[PDB]
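Take a look at this one chain, the form deposited in one PDB entry, written out in structure tokens.
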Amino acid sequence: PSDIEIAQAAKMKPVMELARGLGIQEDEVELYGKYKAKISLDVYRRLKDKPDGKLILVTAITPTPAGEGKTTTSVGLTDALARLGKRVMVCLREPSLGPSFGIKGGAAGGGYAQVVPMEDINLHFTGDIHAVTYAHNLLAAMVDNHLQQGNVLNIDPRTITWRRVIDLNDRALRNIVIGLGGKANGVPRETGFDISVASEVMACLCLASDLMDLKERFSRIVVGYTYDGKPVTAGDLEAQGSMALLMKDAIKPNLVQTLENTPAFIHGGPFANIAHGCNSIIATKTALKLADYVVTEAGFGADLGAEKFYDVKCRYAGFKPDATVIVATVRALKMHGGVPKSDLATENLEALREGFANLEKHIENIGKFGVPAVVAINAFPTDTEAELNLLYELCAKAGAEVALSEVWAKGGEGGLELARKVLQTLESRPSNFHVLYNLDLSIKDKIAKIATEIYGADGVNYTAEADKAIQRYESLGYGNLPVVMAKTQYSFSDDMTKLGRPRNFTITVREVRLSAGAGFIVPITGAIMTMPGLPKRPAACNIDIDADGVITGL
């Protein structure tokens, strides 16, 4: 039964009620209708010295374009725990608007494991991405006005790294020339747009602890350089105050719920292939005051999202994840064993056997961070009973804790086996969380650490552009920043072609960006683009709404 059919038929508690059931007081809630709200940052502030609940991360194997089921699983696990009577919350990322009209669709879950109101969540929600987009683009506009008004600071406009942003898959704005028409109309220069969720401004939102912090980070954002190579910042242009203003509400996290009325925060939405892939620190640390157990997702596979959750988010938050759930699927493991994407509804026992190496490696990789894993087998409607025991069997045989999850088709009661297993590991195998690398290393050493330890490459190559940039950033004193790698989600390699556990290969960084405001560095690898495109048949064509109800949203 279609995801929007059942999302629209849902039966929701007023969120003011859920809020109150969490120790949040009426005047700390700001409603966006009965079913959505924003929680004050005073909640976390007044509880600063109270103990945390347990932190549970969900990550996954290397996906197909439709995705496996982190979100779908995160929601379900949360519903299952609520059904064992636990005081639990999910933290998730706000879905990017753009992909609802292209390809992979929304990010509110699936079947009976969803967050709702789904169509709000997937579209405009509470206006957060819009606030990111306007602060980002206001800065750009100010940069461009500056050039026009005599270029007082002597910016070399051919070095401006600050791009524009919009929350759509618009490939035609990747590379553009701007400022044309003559002397009344700006200064010609080459730029383009990224998708808003990849904005550094969203990164700042996701790492900041409150408005004034966000304002200070904004002011350290570097937009470009003078003709003599001195950096020029958003604070040099006095933009941070306006930028902060535009984020005045977006800083607060959003409360919705699951289909079974369990509470859920949704806040910040960076992708994990081209950004840091986590929800806001603010959401997650607030939730940890409010619930005994907090489930949260990192984007794409564990080589990307899980790695950056540990090495960036946890680092900057002081978080100590207690357990980690790895989502695996028969569909995907078969793909990693040879089966084409068009033949996956077919049984193939060997292609799951030789596809397993993929998961083998993700488990290995999680183990390196010292937090105990449980595998979740997200049973797809087509997966045969035989394929399903083999995977169970392979996970046990590898030593790993496992559980089948029928959360998609059955909701929270599809996730009891799994929920017990997570509870089992919280109670019986404590976590020993530590980062992969220290901050005092070179940029190139940190990159090589991730390259070799996680993706399993032999080493890393640099274009001259990249080398020039790394020099620049260490010499300017940003050498201590952590690394958010941009790379394809479809492989451990930077070649989207290398399925499974590719061996004897090299990653090539072509471009290096600096996020001095969010406080990390972004080495861009392979051919990954920072603005995605629409397909031949965009979801949009099938999308509609009548005197009430909507179709084509997924």
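Rigid core here is just the name for the largest C-alpha set that superposes within 1.5 Å across the two forms. A residue's number is simply how far along the shown sequence it sits, counting from 1.
Between the stretches 151-159 and 86-94, it is 86-94 that shows the larger average CA temperature factor. Of the two segments, 323-331 and 140-148, the one listed with the higher mean B-factor is 323-331 (C-alpha atoms only). Within the group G519, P523, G526, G69, the record's highest C-alpha temperature factor is found at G69.
Residue-level inspection of the entry shows that, of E200, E297, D311, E354, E354 has the top Cα B-factor. Annotation for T59: CA B-factor lies in the middle third of the chain's modelled residues. Annotation for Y32: C-alpha temperature factor in the lowest third relative to the rest of the modelled chain, per the entry. The PDB entry assigns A250 a C-alpha temperature factor belonging to the lowest third of its chain's modelled residues. In this PDB entry, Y437 carries a Cα temperature factor that places it within the highest third of its chain's modelled residues. In the PDB entry, a CA B factor belonging to the highest third of its chain's modelled residues is recorded for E360.
One more form of this protein, deposited in another entry, exists but is not displayed; see below.
Candidate set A403, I103, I470, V339; criterion, C-alpha shift of 2 Å or more between this form and the one not shown after rigid-core fit; matching residue, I103.
Relative to the superposed rigid core, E364 undergoes a CA displacement smaller than 2 Å between this form and the one not shown. Fitting the two forms on the rigid core leaves the C-alpha of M496 displaced by under 2 angstroms between this form and the one not shown. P430: CA moves less than 2 Å between this form and the one not shown after rigid-core fitting. In the other form, the CA atoms of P532 and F492 sit farther apart than in the displayed form, by at least 3 angstroms. Between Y490 and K104, the Cα distance is greater in the other form than in this structure, by no less than 3 angstroms.
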